[PDB]
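Report on the structure given below.
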Amino acid sequence: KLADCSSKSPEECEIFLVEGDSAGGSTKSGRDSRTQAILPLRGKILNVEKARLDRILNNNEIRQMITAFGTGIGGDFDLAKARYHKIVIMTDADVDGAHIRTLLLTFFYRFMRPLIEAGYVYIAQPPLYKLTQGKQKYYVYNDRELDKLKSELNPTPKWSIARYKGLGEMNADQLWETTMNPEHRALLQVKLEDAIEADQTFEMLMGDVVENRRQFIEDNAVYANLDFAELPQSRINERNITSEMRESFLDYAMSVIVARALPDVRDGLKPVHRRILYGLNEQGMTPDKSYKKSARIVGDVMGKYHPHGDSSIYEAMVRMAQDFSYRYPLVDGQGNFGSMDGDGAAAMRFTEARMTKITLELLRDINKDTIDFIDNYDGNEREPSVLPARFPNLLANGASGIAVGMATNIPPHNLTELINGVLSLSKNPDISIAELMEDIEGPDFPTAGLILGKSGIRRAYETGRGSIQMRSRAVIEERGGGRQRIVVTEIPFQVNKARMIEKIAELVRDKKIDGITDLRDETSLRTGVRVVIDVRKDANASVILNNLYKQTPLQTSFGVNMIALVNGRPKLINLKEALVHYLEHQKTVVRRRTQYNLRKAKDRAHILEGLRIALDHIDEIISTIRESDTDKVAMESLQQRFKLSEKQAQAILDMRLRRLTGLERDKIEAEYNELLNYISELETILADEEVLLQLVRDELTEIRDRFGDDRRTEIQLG
Amino acid sequence: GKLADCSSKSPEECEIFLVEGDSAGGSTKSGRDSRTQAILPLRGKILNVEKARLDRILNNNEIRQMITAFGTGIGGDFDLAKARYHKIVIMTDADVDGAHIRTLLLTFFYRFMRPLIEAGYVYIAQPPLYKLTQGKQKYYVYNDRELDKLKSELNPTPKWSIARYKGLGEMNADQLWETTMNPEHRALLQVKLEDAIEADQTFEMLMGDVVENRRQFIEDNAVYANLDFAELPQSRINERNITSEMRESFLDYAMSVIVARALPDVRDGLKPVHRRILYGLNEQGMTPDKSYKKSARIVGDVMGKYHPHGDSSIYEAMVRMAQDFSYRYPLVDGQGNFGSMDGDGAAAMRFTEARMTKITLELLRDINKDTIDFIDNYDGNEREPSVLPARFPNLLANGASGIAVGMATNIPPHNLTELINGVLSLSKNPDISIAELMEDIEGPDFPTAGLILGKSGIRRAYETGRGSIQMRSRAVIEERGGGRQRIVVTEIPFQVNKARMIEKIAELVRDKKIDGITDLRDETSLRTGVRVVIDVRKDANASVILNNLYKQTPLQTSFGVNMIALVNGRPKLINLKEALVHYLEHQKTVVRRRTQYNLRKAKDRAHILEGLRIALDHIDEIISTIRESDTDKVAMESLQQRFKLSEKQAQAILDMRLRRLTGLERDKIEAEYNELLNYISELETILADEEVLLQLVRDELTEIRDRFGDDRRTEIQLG
DNA sequence: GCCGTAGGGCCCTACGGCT
DNA sequence: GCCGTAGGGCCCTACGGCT
Ligand SMILES: COc1ccc2ncc(C#N)c(CCN3CCC(NCc4cc5c(cn4)OCS5)CC3)c2c1
């Protein structure tokens, strides 16, 4: 797969390790054929710190680098017989590019150690944006720097900001004239200072020990601050190996945390999800209108909101639509959206999809100045930092995904429960954990099934950590003539039916369990979930069954770990703080959704007041306009001689003729007097903290009766 | 393996489906009665076992797979008692490629599996390809023809809710178990065999290697209209002659391939895929002034609206259109790694962005003033265009090079100032001859430039539609000292892999089948043009080796012309003159109806302003007349009876804003009122005189020749 | 191992006309 | 065994908490 140059002189010869063949495209085009070589890798590479001796060598890419440098490794190294005297590390400039760097560097160190020291290893720096302002072009290398500048350029003659998710996305000359041309390039030399301090740093971030890694996050983080970026960064183009690993790994881990794996506490959506649901609402794809194809929403959410490859956007939009994964689906689906047998939905190309009615409630009131918008990834479009979520989607559905130094897992809850539960907290602020558990009995799943005890549920709700045991629903039925058989008709959340059956059949071939004649899956669309275990003559099933809960996954544990995002930060929280934050949302939403309904009833009546005057001094107005000539001077004639403002003169001249009927004069005073009542219901909702929190209560009772459904998981007490 | 079997292991009750791929082979696992119904996904088209050498099929992956699941053996060792299903259902997606797939399956079945068909084992399920809905009524339908019939057989006062079904993935497992797999409702067809020699006659004919025989076939059972062609009675039994399934399925497919996939219309020189991309670029305001948009965004847009087939071919075609070494005049704009001469494709949709070239606007010029014809799309939710206003001879400009069924096209790109000069010559003299046109149109003009040998090949091409041209890489010979020399290649023959080309060269040298050479270096780079180097062994002869290479490699390669296109709906082989007249004809009409449109809307705007003239001059009496009108219906039937104003007049009067009762805005009217009565004039003239119009068309093709007119690249060595 | 967002990229196959 | 539209699809990797 390697692409080499013409030369065979190690001194001047070099090599750019790139992400892929896609990015390594622009690379082979803008290079100098005589002296620069390219090596296409594949995505993230094996973090050699964690994996073993035999498996580190069987890695195909690690061998293509070994061969290419032609040195061997460990103690059979030989820096004498090296093909290139410059190993450049050119990874895409976005965050994931840096996590690559760190792996490559990791590898370089533990095997090709003497190479970093002799200064042969290097780091390339390709841009990640290109702001334009006339003849002015700027090159910013990460989201943080773009914040700064996007606010330093007072002038504002309009910008056209680019952005370069890959290397494949640059013209093959932008990538010579910013990254490869040995007369402009800011190539950074990898130098080794303090070998004892490297070995701690590697162990910290590439080492198995998860804790020290997390510590290291809360130690070095920086959340909402623009005051960062400071400063000098010495005008020399070398970099300390530690000074960089330390940085680039964190620039990564922070990103994976604030906007990737974990949910906001209000809406409860990781960013990919929140974007999809918005991108649906935008393009109009609502529940009343036809299904729209899936590569039309996935290609449209990519190019408008969310800069990452499809097999992430789609496989995510999918779950949101499944009834076995989302307790309350947010996406209605047409097509093969996959099964509980581990098989996955049919490709983007086939399936169609829209909103569910319940996802309109997340977006209710979103265009009405409630939540805040941040510019998308390229300054062309306007997107949401969070949605008005008029239900606690965080709990209601609950998410779970792996980050760095921390992971999360939150079970889904019944909504009538969650709402009866929040209504009680707005009544009583001082509420106790145990009291809330009268309304909110605990996890309600999609899959149904059973939970064995509040001993592990109570633990979770109180702290945020607790093991919950899950047992499937199973009947011991008989079929006459002497024999019994088992029937499972509900299963544990997140369990591969067909993978389980295998681990059951496995223990039978291997005689690790006795009394089973045959195994069978009889599940099908009309008989719901149904797995049948044929059991031997009489030998008591109750013991094999109570053996099946033990050995296999007919019984497993939800390891809870409630870690959401509160005010931009990864805070581990409990049942109560989840509701206090989510209700603070509703309180704030419904608040601004009144300051908005207010300033509009205000200017509309500001309008109407000029409308009523032009009616009863009518023929005075007409000969006032007709005498006038231009539109610049027709504003003047009515602002002076009738005492009317500007937004009251324009909306008078802009008015049509059909309004001059004798019926609309008496329809205005009655629409105007529908306003003075409507404004009276606003100003005494702002000066009254209580009538508004009352109103929130009113809307959420509505949300509960319209959508709120029955329990699925039965809790077996004791 | 790869096979999801069923519970019961008793053949005579157990059936296995064969679906196209895992995607729709899971809309099935989720529909099935896992007790008796077994699924085996394939993986798209499986090989055509007639066009195949025996030892190959015994090494194909999805054939060894079916043999196992049946469990019967093949040919001479085929045993029928050993079968594990007594119903092998062919169940492939509803579309036209599931048609093709179906013929390749039966063809295999018939070749080695004959005994299996012959005892009523092989069946054929019928999955819907549509689902129109008029309130209560849910009708299904299984091809595009059957749908046109039904869209003219309904009193459309319900308004349709048509839904398509690209595959089985697009189907919820219930509405597929129902319609297609339920022993209660389902309508499987049993595969019977009649005259064995009349079967064997359709297999070596349809799925054979006799290209002529198969085209003839097409030309005979054609149908293109198709008006309202035959029905009845489809014998109310669920049987089906094999020798008939080959004929309609294969034909009904080669039909779709030919008229709407792999062959270019003549009026705009575009396959349907292309037309679809460029239209969709036009729909999103993705013109050359606004920014580049991510590839996924367009391709995902074009696919859900216009072209229901894979991204992989929508993209790769969108790429060919944007790269300067294939499209002589690129119609798309490249921002990214959009490939190289070396045979290396672009970067997945998520990387690259794009928009229209300026030249593409000419194609899509006037597409909105009613000039070309607007059809429905594949799901009847929206409008798409049948063909573009193509304001330049795109077919010949850029050409095309696609493979249909039974036939194949190949047209080379031409220089554009040549083409319009050639078209202008035709407009002045309907009878102008081939030779006379070849004084403007010297020959093919490539993006790789280079040379051609003679016109005796060019000339056969243009006068019939067939002919063979020879293509010469632009070589040159130079010295590097002292005494020794070397050969430099600045341009290469349109459409060869400059890397495999070099590779080939190297091969003849590593195995000693050509003498003279010593070193071979590729030295092309972005900044310094194309350039490939050969080192001469001193004293040896350079002209001899350069000639030797032309023969023994793709240094000298040949483009055989085959000018086949879609004329008036059908595959016609055409010459240079025909290609121009039809295109000119198109250009004549496109203009004629633009003019018509402008005029209708010029009179519609004129009757408006006319009632706005009774309105302003008579401004006063209307005040008194509206201040008395109460309702809205009474304020209309007033100014109709008192000022002879139509309904669109008393209307566009109640529609009026008071800000126009100002002083200067009584002249804005008359000033452009007269300008309009005079503008109406300019158009009726164009419409009444055939030549006045035709002259206008001339000056518009001229306008365009000066803007996008550019030098020739390919040179024409005389011989 | 396995979950869920994210990096990354390769093979079969049909079809016609040509060395 | 290649030109270009079309059918179809599977695999390596990181990251953290738990059997
Ligand atoms: C599917 O099974 C295999 C087997 C081997 C492979 N080897 C190399 C590669 C690659 N690259 C793929 C990728 C194939 N897939 C990757 C995902 C692509 N995604 C489709 C898609 C659709 C749209 C889109 C982007 N991608 O934007 C708007 S609509 C389709 C090709 C393979 C896939």
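Cβ placement follows ideal geometry from the backbone for every residue including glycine, while neighbour counts extend to all protein chains displayed. All of this is worked out from the model, or read from it or from the source named; these are not laboratory values.
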For the range A:656-673, how many residues are within 9 Å of chain B (Cβ to nearest Cβ) and surrounded by fewer than 17 Cβ atoms within 10 Å (Cβ to Cβ)?
-> 3
Output the residues belonging to the range A:40-66 that are crowded, with 16+ Cβ neighbours inside 10 Å and either more than 16 Å from DNA strand D (Cβ to nearest atom) or within 14 Å of chain B (Cβ to nearest Cβ) (or both).
-> A:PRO40
Considering residues that are within 18 Å of B:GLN175 (Cα to Cα) and among the charged types (D, E, K, R), the number found within the range B:124-157 is 3
Residue selected from the range B:627-647 under the condition in contact (Cβ under 8 Å) with a residue 12 or more places away in the chain and within 12 Å of chain A (Cβ to nearest Cβ), by the criterion surrounded by the fewest Cβ atoms within 10 Å (Cβ to Cβ) = B:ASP632
Can you name the residue in the range B:301-338 that is aliphatic (A, V, I, L, M) and within 11 Å of chain A (Cβ to nearest Cβ) and, of all such residues, is nearest to A:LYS292 (Cα to Cα)?
-> B:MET303
Just one listed residue, out of A:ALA434, A:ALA403, is over 30 Å from A:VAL531 (Cα atoms), within 15 Å of DNA strand D (Cβ to nearest atom) and either small (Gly, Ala, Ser) or free of Cβ contacts under 8 Å to residues at least 40 places away in the same chain (or both), and it is A:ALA403
Those residues of the range B:131-182 which are in a strand (DSSP E or B), of a type outside the set (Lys, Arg) and more than 14 Å from every other protein chain (Cβ to nearest Cβ) amount to B:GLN134, B:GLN137
Report, ordered by the first and then the second residue, all pairs with beta carbons closer than 7 Å, sequence separation of six or more or different chains, a first member in the range A:364-384 that is under 26 Å from A:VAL590 (Cβ atoms), and a second member that is of a type in the set (D, E, K, R) and assigned to a loop (DSSP other than H, G, I, E, B).
-> A:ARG364/A:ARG390
Going by the structure shown, is B:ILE39 hydrophobic (A, V, I, L, M, F, W, C), within 20 Å of A:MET340 (Cα to Cα) and in contact (Cβ under 8 Å) with a residue 24 or more places away in the chain?
-> yes
Is there a residue being surrounded by 12 or more Cβ atoms within 10 Å (Cβ to Cβ), more than 16 Å from the ligand (Cβ to nearest atom), more than 14 Å from chain A (Cβ to nearest Cβ) and hydrophobic (A, V, I, L, M, F, W, C) anywhere in the range B:464-471?
-> yes
Condition met for A:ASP143 (under 19 Å from A:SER26 (Cα atoms) and surrounded by fewer than 20 Cβ atoms within 10 Å (Cβ to Cβ)) = no
Scanning the range B:273-302 for residues that are part of a helix (DSSP H, G or I) and among the basic types (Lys, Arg) gives B:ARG275, B:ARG276, B:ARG297
Within the range B:191-212, track down each residue that is farther than 17 Å from B:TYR253 by Cβ and either within 16 Å of DNA strand C (Cβ to nearest atom) or within 14 Å of another protein chain (Cβ to nearest Cβ) (or both).
-> B:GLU204, B:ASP209, B:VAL210, B:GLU212
Per the filter on the range A:496-518, residues free of Cβ contacts under 8 Å to residues at least 40 places away in the same chain and either surrounded by 15 or more Cβ atoms within 10 Å (Cβ to Cβ) or in a helix (DSSP H, G or I) (or both) are A:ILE501, A:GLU502, A:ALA505, A:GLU506, A:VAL508, A:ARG509, A:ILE513, A:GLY515, A:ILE516
Restricted to the range A:349-370 and to residues being assigned to a loop (DSSP other than H, G, I, E, B), of a type outside the set (S, T, N, Q) and within 16 Å of the ligand (Cβ to nearest atom), the residue surrounded by the fewest Cβ atoms within 10 Å (Cβ to Cβ) is A:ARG349
Taking the residues in the range B:304-345 that are assigned to a helix (DSSP H, G or I) and in contact with a strand residue (DSSP E or B) (Cβ under 7 Å, 6 or more places away or on another chain) as candidates, determine which candidate is surrounded by the fewest Cβ atoms within 10 Å (Cβ to Cβ).
-> B:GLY304
Among the residues of the range A:213-237, count how many are loosely packed, with under 14 Cβ neighbours inside 10 Å and either outside any loop (DSSP other than H, G, I, E, B) or in contact (Cβ under 8 Å) with a residue 40 or more places away in the chain (or both).
-> 10
Select, from A:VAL422, A:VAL404, A:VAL386, the only residue that is assigned by CATH to the domain that holds A:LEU695, closer than 22 Å to A:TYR278 by Cα and outside any strand (DSSP E or B).
-> A:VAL386
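Quick grid of which residues meet (1) within 9 Å of chain A (Cβ to nearest Cβ); (2) exposed (fewer than 15 other Cβ atoms within 10 Å of the Cβ); (3) acidic (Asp, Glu):
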site	(1), (2), (3)
B:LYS601	no, yes, no
B:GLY611	no, no, no
B:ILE619	yes, yes, no
B:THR625	no, no, no
Check the range A:189-205 and report whether any residue there is buried (at least 16 other Cβ atoms within 10 Å of the Cβ) and over 16 Å from A:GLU244 (Cβ atoms).
-> no
Spans of strands (runs of 3 or more DSSP E) in the range A:1-120 with at least 1 residues away from DNA strand C (no atom under 13 Å from the Cβ) and aromatic (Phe, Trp, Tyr) | A:14-18
Sole exception among (1) within 16 Å of DNA strand D (Cβ to nearest atom); (2) over 24 Å from A:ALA261 (Cα atoms); (3) surrounded by fewer than 23 Cβ atoms within 10 Å (Cβ to Cβ) for A:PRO287, by number | (1)
Can you work out which of the residues in the range A:4-34 that are touching a strand residue (DSSP E or B) at 6+ places or on another chain (Cβ under 7 Å) and surrounded by fewer than 17 Cβ atoms within 10 Å (Cβ to Cβ) is nearest to the other protein chains (Cβ to nearest Cβ)?
-> A:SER6
Considering only the range A:121-133, state which residues are away from DNA strand C (no atom under 16 Å from the Cβ) and surrounded by fewer than 20 Cβ atoms within 10 Å (Cβ to Cβ).
-> A:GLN125, A:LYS130, A:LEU131, A:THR132, A:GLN133
Given the conditions (1) among the aliphatic types (A, V, I, L, M); (2) in contact with a helix residue (DSSP H, G or I) (Cβ under 9 Å, 6 or more places away or on another chain); (3) not in a helix (DSSP H, G or I), report the number of the one that B:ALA461 does not fulfil.
-> (3)
Among B:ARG261, B:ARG267, B:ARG276, which is more than 17 Å from B:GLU316 (Cβ to Cβ) and surrounded by 14 or more Cβ atoms within 10 Å (Cβ to Cβ)?
-> B:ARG267
Go through the range B:67-79 and give me each residue that's more than 20 Å from B:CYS6 (Cα to Cα) and either surrounded by 13 or more Cβ atoms within 10 Å (Cβ to Cβ) or within 14 Å of chain A (Cβ to nearest Cβ) (or both).
-> B:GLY73, B:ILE74, B:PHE78
